[PDB]
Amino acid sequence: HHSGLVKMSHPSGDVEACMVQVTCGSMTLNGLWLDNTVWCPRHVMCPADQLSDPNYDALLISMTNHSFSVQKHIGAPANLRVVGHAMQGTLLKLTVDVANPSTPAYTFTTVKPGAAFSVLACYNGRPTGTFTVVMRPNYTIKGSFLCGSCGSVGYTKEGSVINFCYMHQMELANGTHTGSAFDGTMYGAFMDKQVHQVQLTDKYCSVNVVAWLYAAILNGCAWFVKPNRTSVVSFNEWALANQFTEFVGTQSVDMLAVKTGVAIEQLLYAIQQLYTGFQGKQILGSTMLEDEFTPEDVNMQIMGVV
């Protein structure tokens, strides 16, 4: 029995029309062209022999508008003339002569651990794929990025408005990925320099495990449900000792509780037991807890609620 759950991304067309190639000498990556501004990672300015410890302030001052080449390849080809440049945190803000005529309605937002967003993976300014990820508790994502993907963008969508939340910067030693918000801050404690960096311990996202257990119930799979209950306060003390995020309920989780008639606290109890072992049983085809689906995913994909 298939749960009806897939890794669902937003349609990517609105964002595809904003992607450009940014080159600064022998360095090339992707940028995001909104209005008269092109956002890209600041290490486009860095030569390779300096990626391990750039002085980005001195690199910035050494740039001229002439130093940057911006090109659009897909759909409406163009060379964009750079007329201003500035640095915000780990991003460059280039000002260009032409406003993107396909600029969608948009905002900049930061994404929180456990929340999902869509990524448009791009190489040389050309969109090549799209996928969805959850921000992990250690501020990494389990993405799929290769050399040249920096500047690829992550976003969510509220109606027609695109909320840009991620610009790709780096790959960590364990194969996960991280980047910047559009305020220029890196997620987590990471720095945009090519040095091994301590990364924090990941955790299970409790709210997303609860969501998945509700998805299972919505599919007729409820062997793990008991009248036994664990309170949120007690579960959260357990979580701290057992590599779980503390649980914080939301209206989306409450809708699942109402639809199924199973209380959150019954699933917090179940999580405690299932963490010790599934005892040879499966939940939605899995022998391990799943935390890559959000309450909103379950409401939308199974219940048709947005």
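We call the rigid core the largest set of C-alpha positions that still match within 1.5 Å between the two forms. For every residue, the number given is its place in the sequence shown, counted from 1.
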item	value
Higher C-alpha RMS shift from the shown form in 8 other deposited structures of this protein - 236 to 244 or 277 to 285, rigid core fit	277 to 285
Between 200 to 208 and 170 to 178, the one whose CA atoms sit farther away in 8 other deposited structures of this protein (rigid core aligned)	170 to 178
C147 dropped from a third or more of the other entries of this protein	no
Third-or-more of other entries without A76	yes
46 to 54 set against 252 to 260, stretch whose average Cα temperature factor tops the other in the entry	46 to 54
Selected stretch [higher average CA B-factor]: 297 to 305 or 4 to 12	297 to 305
Residue with maximal Cα B-factor (values as given in the PDB entry) among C40, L34, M63, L268	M63
C-alpha B-factor winner, where the candidates are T128, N219, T230, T140	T230
Modelled-residue ranking by C-alpha temperature factor, third containing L213	lowest
Ranked C-alpha temperature factor of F190 among modelled chain residues, by third	highest
Ranked against its chain, the third holding the CA B-factor of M87	middle
Within-chain third of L94 by Cα B-factor, per the entry	middle
Chain thirds of CA B-factor: placement of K72	middle
